[PDB]
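What follows is a single structure, and I will ask about it in a moment.
All chains are identified by letter, namely A, B, C, D and E, in their written order; residue positions are counted from 1 within each chain.
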Amino acid sequence: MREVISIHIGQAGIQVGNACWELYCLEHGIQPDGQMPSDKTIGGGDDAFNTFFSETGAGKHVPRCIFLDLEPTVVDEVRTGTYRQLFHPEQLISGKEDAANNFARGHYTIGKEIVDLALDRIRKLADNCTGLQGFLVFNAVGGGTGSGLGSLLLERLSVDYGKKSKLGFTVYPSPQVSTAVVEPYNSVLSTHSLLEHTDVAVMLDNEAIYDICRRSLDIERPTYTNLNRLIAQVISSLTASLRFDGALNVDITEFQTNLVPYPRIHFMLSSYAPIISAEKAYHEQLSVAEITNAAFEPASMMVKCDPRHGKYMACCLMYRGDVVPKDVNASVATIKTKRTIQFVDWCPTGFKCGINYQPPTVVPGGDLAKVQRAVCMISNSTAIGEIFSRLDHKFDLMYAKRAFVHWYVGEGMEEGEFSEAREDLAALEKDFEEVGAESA
Amino acid sequence: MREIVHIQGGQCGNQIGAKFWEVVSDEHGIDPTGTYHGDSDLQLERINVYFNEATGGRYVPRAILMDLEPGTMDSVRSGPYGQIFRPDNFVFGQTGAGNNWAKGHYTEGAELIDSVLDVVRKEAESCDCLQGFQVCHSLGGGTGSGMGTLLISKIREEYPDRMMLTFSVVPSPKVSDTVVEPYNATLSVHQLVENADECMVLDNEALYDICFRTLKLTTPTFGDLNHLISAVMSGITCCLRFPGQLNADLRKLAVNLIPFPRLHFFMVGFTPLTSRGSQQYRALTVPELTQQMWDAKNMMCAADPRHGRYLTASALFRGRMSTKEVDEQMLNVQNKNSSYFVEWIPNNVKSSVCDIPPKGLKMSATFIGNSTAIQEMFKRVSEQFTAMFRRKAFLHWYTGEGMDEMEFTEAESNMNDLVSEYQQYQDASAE
Amino acid sequence: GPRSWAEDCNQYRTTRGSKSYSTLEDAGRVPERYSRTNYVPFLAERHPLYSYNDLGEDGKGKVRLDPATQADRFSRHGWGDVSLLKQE
Amino acid sequence: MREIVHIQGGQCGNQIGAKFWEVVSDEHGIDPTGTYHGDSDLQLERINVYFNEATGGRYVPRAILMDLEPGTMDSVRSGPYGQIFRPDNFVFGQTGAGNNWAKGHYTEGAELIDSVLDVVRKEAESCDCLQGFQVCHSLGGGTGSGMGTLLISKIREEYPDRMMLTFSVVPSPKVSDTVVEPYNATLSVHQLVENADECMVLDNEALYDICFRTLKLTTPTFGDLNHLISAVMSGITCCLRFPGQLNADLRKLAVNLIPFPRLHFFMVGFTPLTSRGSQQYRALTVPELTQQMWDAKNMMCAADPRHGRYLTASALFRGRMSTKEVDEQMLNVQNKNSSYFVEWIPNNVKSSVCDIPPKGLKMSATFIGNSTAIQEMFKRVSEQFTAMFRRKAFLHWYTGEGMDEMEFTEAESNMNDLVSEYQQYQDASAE
Amino acid sequence: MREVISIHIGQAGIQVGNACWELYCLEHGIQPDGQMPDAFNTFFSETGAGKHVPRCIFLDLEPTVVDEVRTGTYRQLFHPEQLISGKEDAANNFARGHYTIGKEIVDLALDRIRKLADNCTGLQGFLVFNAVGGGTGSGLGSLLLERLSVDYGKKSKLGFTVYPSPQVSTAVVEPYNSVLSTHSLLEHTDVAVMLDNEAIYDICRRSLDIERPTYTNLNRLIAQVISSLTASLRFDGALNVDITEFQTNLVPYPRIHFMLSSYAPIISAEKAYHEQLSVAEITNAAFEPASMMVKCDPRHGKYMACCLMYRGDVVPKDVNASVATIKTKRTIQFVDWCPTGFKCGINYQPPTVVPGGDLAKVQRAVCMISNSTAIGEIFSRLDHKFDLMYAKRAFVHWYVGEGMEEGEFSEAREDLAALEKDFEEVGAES
């Protein structure tokens, strides 16, 4: 049986996951109390819910999730929401005080107490699951908890559960907009933990999703709630192959073995092809050839990087809905021929095609409109090295004057392992250049 | 009473086999339940070649469906014409290789290759007089390619005097499904040369090009492609199941086609493919089937057969046909372009006629071809294999489960050997 | 919008807060799923119809197949008909 | 007219034998009340071997029920098919053994063994011609293992010319039901090697694997396990109760399955087992039963039959079948597996055909196997015994009831002597 | 007929029996007035016409707790002359309850034991309920268990002793009375099951999420274990055990008769719906050290023998598959001389929940009684506290005044040390 454990560390993880679990209950028919009503639609005891839910007792379904954050103010938000009855109360792990945007607090001092309780429920969910296929980590490396407690949980999970894939979705600081000052410190130190522990890592950025929501949904004021809504569609279409049957099913281990040519280069972008409102959908003729061109647009990625500077190394295209296999191959042919995107020279066959059959869902009240087809592009490139490079420059500028270091030093951290992540990140800068370099 | 064991492996193999057993079913006239409902007495005469008798007139196929992920097996089980199989023959795993040759052949192979030989040995011992094995799988994958090469390896050690028909699809130049298609095919071809007896190379965009130009299908799904695969596979066994004027078993086609043990890569085609708007215009005559038979557009392989010479070609005609226009037209096609046929093998074309046609068609033909033009494919797969291996990209898994890079360095050794074998066979001339 | 601070703080939760997430009751319909199978899953011991004959007579009252979407799945896979080369 | 006296001892013996009389009463056609309601003349012909005629046509089973705790007797009496047993045969104590062999055999047993032989001698004197005594119990307990094995000593003393059929449930490798399993098993086997004429070794761990892997029962109870055990017991007495083309009673089996007097432990297996998911697809035929009865998974003992040579084997076929297919299939399994059979005995297989198959199946077979591989379960219990005996732990509960420590050493010495003879005959070869 | 007699000594003894007999009434449907609106025969005796009387005596020197039963909701249930009281309590003095004030009141105790034993046909054993920390529970309990060994031999006596903890102490002279009672319970009681107060407090705050547990909340789930291990006599089941099953499956040596307890599916009402209480889920939770009723670390020691009482919809298959995973787990260590360490018994009745109780209605339950070498750490903790307090001879003049000799303190300490030496030699590998 196919099932995944979805964990959410930090403030950004809980809000994204609460939008993610909002979408998963609507597809599988789970009501907020945790009970599937059989009389709503025609349909029997399928195993599509078994990927994220576990049938308990009779007619009750609980998520295969944990919610952990040291700050109590985001975990009691779910405890008093529309999904209080959905979760078992133990996997809403709380704490006394937050990590206060300090990576040393999450890794060393406060997060050490809470991580012991975190591994207990991960152990209990692993005994419930028959065959585990992946971990879904939703953390933001800019904050204290997603970078700090995310680093500790990821290190402990690799010891206890070897060789099982962890698909960590991370939000990086934007080059333009930032909500904190010590974000370059937290993001650099989390890069060391994300490097040797996460098997496949998918990048996100607030400004790029801000830009997508500004133009594609023609609304001037995008809130954090609306940003998490269309991130959840990326998570849903990635995992849609395990739940609903399709023409070309793609497992989590099939994502792993086809997109990362080298073990250390596992930082991938994300795209969604049809992101449209209700009024623009009527004028638009949605076809597989058109959305595949829309999937590779420079404005359609959810990370603010320009792919024309780099080269697309390995690409994966997850399709949903009424997608016939004849025109996706025509879509692959057209997207390969044109020169405005460039592939790497040593990978003649770079696309991973996955066609599911279940149409995409829409939550009512969201900005998204119902579309027959969708593409969830997750592709590796050498343009991710630009994202680390600008992040490296802001960290190196704030480290010469040694600003905002005594907060970390007093909380368990030593001075020596600030440069250890700086050296390791600089090794990641050199690797993207030498891998994407041509071979004679 | 020469039965054929069928094994399906991989996502491509199981989906092809699911459509394959629909084409066998209505030729013999059995329903999805399993009981016989045909209107011909000749259908029930030879059913042990593909089915087994059961209680109450139930006909269970000789199919051993097997996969490392249970997801694709669920679709075949729930589909129409899918409840006929024995649930004991659905040997399966749970972890799944996931597009990895080394996982499908070394780590996850070991826990399953003991179980899948037990199912085959139970089925092979029960039936009386074995003829061959019909395995259907892919080569670019890892669930059916590396595992299928393992299952063929053990079944040659156990039944060394019996045939293996390997209907396998190959990586494609135009469109590629997976990134690791050159890695998985090069390792698989090395195990198909030494172990398998006959190999039928099928190609995806040749199937798509047939469905576009010939059949004029606007939206060709995989079922339209898989019906074209099963059109050949029903035609190969047509002499075993139905009486005819020229009876030709698998061993008859084997000894007539391959002159040397290693050169057993074939390429196939089905002749009467016409669009629905062009049925009334076309005349179903013997020279019309032959003219579509030797066309490169009708060929289901990516290799262009104008670039190479046919070492040996086989044609399996079915229906109420005259043996005049069958073999005279085989003489005519040899005399029309003798440069496209190998000179030191005189009388290359071999033909057989079966009395009972396929269902609905008045007459049909299946065309096996052992041409040296297939070297354009093996050179192409070896081209992409050397492209990634020099940079050692997508390699850290295969060396992780214990398959060393020495297994890669030996991979293009024999991959470039057999593309060098086919080239010098074409260049050689008699006297 | 709100006319007072009390109304704004009272309707914070049901409009923009923790109760603003979409409910299946608020949704018009549950989408009809394209599952692997409505029969028994292949590797699942804890199933009510595991020992029973689920593909045939024993599961007739409890499998609950969906005819329209099942036929759509079969037509998309190309499994329903073999009429493509029947020629008549 | 060859009656069998059935004895059930302890919690395991009463529960298994309750389902033993579930099958036999349903096979012979008597209702819960006891009145005969069969639809064939053949059921009345040998009803006397297990039932005594009483007033009103009610047939009471010839069964003596003995234990030390009335809770299991309340379960047998109040349950279905529980009103047929004679309440005079409901002999039971009050104290309870507490899974103690010494209390079942020395202290508490002294004041109830004189009670149980009074009813047994009454049942033996009433029937005209005894054929044997059939006991069912366990070996890990103390209520049925202790008191039951005492009666085997005394029923052999009073009747030395009659046979003993002991269906004993032995401890499991993976799980222990009682903490004193190797103490009770080694003491009971020492009491069974001399007194019992033959033994039928059963265990629960093989019954768990049969219900899961073959019958596809994910959640079996003891009632599912006892049904398979009861199917064996009806199969052993098949030729006693029904005519056949080749009859074989309990003396027929013992003269063929016992080459040497101490080598009287057998492993059993009921052949036609499948789930309803594969009931329609299964083709039940004498070749199909042959490949099922000889499999290691079908055996109802923890000992793997592949590890040791089969000394002698007995097959009890039931149903209208050809005797040629009976002999040639037992011939073919001998020639295909020659290393797995003892060489110094030619024709290792005993075959018998009964013309009456059980209700619901038109063909059946009960297999009895005398193999040297059964030393593996004896070696494990002896190894578990020596680990507990060397520290003298869990022993003051046994030596406190009047038993000396030298009975433990002699039981262990007889246990080691038993596994020595199994190993020597396996190693020894003729000429 | 299976019949069992329970004796309850002290404040802790009869308060547990208040929760015990509340649960026993609901199991057989007995109303508090004694009217039922054959399985009841183990704990209740049919008297007169339609009236059921419990087979127990509530004996205590302190009258202020016995009359609460005599004025409570169970006024018509118990026989008032079975409930034995006294003028004054033992005042946490072992010498008072053993020699001065316990001598005259135990003569009336054996009088009703003989009356109860003659009324019952087949007696299975004895269930003693006492706390060794208190003066009445240790003092009268030692005298009662001493007389019961000579008067009633060969009948195994279950010991449910509320045992002190060093972390939470309700009295100062708890180390004295626990040490002095150790000699009596070593040689007289056949099977002793320890229970610790603060471990039950920790189970309530962790599993049942109660921030302020009370003594009433402790005794209800204590009674759940007691009703579970005796449930095999009352009702039918797949693998029925007896009173005499426990005495030889769990006691390897005549002085090694101390066992722990664990009730696995202790889940509140709100958490019960989300949790899937599989057989392997509770069996894994049963061997968890958090589920122990005494503060023990079983990974410190080894399991000599284990008994598993299974209730509810449990088949023989999943109880095998659950304990097969237990043996393969590394953190659960069995001693080298016992390869066959498991005893399992399956009942057919799910546990009944008290109305207003903290426990939720559960389909299946596991009560586990295990013999472990880790129990020596519990006995050694108060061994050192007693040694410090006896060295300066504090709190002794209360004892020696009431007829006690001073020389028996060292005799109890030597017998306690002999208990420690027996544990460290049985735990030693050979």
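Annotations
As a working rule, contacts are C-beta pairs under 8 Å (C-beta built on N, C-alpha and C of every residue); 3 or more make two chains touch, one makes a residue touch a chain.
Taking the mean of all protein C-alpha atoms as the reference point, the chain centroid lying nearest to it belongs to C. Remark: among chain pairs C-D and D-E, D-E carries the greater number of C-beta contacts. Between the Cα centres of subunit D and subunit E there is a gap of 41 Å. Our note on geometry: subunit B versus subunit C, Cα centroid distance of 37 Å, whole angstroms.
Mean C-alpha positions place subunit A and subunit E at a centre distance of 54 Å.
Shared contact sites, meaning residues of subunit A that touch two or more other chains, fall at 1, 130-131, 245, 247. Residue positions of subunit C touching 2 or more other chains: 36-38, 41, 43, 55-56, 76-77. Multi-chain contact residues, meaning those touching two or more other chains, occur in subunit D at positions 218, 277, 280.
Pairs of chains in mutual contact: A-B, A-C, A-E, B-C, B-D, C-D, D-E. By the touch rule above, subunit C contacts subunit B in their complex via residues 36-39, 41-43, 55-56, 74, 76-80, 82, 84-88.
Here subunit A touches subunit E in the complex through residues 34, 54-57, 60, 62, 87-90, 127-128, going by the rule given at the top. The touching residues of subunit C, when paired with subunit D in their complex, are 45-47, 50-56, 58.
Taken together, the subunit D residues at the contact with subunit C in this complex read 215-218, 275-277, 279-280.
On subunit D, the positions that touch subunit B within their shared complex are 277-278, 280-284, 287-288, 291.
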